[PDB]
């Protein structure tokens, strides 16, 4: 209880932690706090004391902090509210990195959420470097989107997606992703094309699987089991063979499951004989 100093304050330093909450309000010029933001995280203020520092920053920058101040927020980012962050114009990848790094392992809060929304809206795209930075901190990020959003990310951005990121994608997401990978990759030749496109084939059509078979590509069993079903179904026993290359023997091992049972059943039992392998099922005489 009061409203003046006795001594004021002109440096933001270890002395401040001994102030009472109002003394801080009385003695710290907000414009000074802003100007020495790069050293607040070194001073072990108490969290209630941080509240009064945050408030001061609001006074000074009432329509949103400048990136001059955001950069050095450090752990103060934990005290922002999404309305706070919605006023910002963060445009350096590095600043973003800095802010993500503070809640690194946590379930994306509304704060980092709005932060990320602000950042992308304000580049117009997910470009690529942006997507790199994001899957570095939130791996399931691309598949955390929703086919509406995914239709907007430009094929340029696809080079930043690593296959293990597609693990949590469901087929309606791959439906919009695969045509994007197709564009991102036409400059590739053959064995190089396949190694890139592989993860995206869960949304490919038969027209495109067929064309792959006619290449040398030596598709692994794991990726074949992720193929469509509707796309594998019209594949001739000859085509599936040339596709799986030296991995054909998997078929008997996945005789029961996924798109293979379905693919067996639609085949002339006198064709499955050509495979060695000894596949049971499918249509006789």
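Numbering follows the first chain given and starts at 1.
Per the PDB record, of the two stretches 144-152 and 92-100, 144-152 carries the greater mean B-factor over its C-alpha atoms. In this crystal structure, the stretch out of 164-172 and 210-218 whose C-alpha atoms carry the higher mean B factor is 210-218. The top Cα temperature factor in the record, among 42, 69, 238, 225, falls on 238. In the deposited entry, the Cα temperature factor of residue 14 sits in the bottom third of values across the chain's modelled residues. For residue 108, the recorded CA B-factor ranks within the highest third of the chain. Only modelled residues enter the ranking.
In this PDB entry, residue 124 carries a Cα temperature factor that places it within the middle third of its chain's modelled residues. Residue-level temperature factors show residue 243 in the highest third of its chain, judged at the C-alpha atom. Per the deposited record, the Cα B-factor of residue 203 falls in the middle third when ranked against the other modelled residues of its chain.
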